[PDB]
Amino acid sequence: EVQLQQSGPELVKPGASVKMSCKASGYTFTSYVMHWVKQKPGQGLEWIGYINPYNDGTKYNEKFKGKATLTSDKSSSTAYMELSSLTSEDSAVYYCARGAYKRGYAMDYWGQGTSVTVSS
């Protein structure tokens, strides 16, 4: 029933911004927070932050503040993440993941992911 539909992959020149979407369905959108997570091939999953649709409350990993920007549109059941001033370090697959409250940072559902590539 639940699904998280992410936007398609982007190829971008350095210094570009990108804005990516995560369209939720099969559940009440304001009932759950939406996490975002970064995955490089060389590393484990890295939490970026989450937004709570019900009150637009955000919480960020300290390294991603001023880099990532999380927003949400309740009417369209859609989370968004904007990444600015992209560099090669930003090249990764990015996932939205529904917060399984309770409890904690646990994430019960995941989007298919959005590959961002910075080149050259």
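Don't overthink the numbering: it's just position in the shown sequence, from 1.
Higher mean CA B-factor, judged across 97-105 and 20-28 from the recorded values: 97-105.
Of the two segments examined, 37-45 and 83-91, it is 37-45 that shows the higher average Cα temperature factor in the deposited entry. In this PDB entry, the Cα temperature factor of residue 60 sits in the middle third of its chain's modelled residues. Ranked against the other modelled residues of its chain, the C-alpha B-factor of residue 119 as given in the entry falls in the highest third.
For residue 78, the recorded CA temperature factor ranks within the lowest third of the chain's modelled residues. Ranked against the other modelled residues of its chain, the C-alpha B-factor of residue 15 as given in the entry falls in the middle third.
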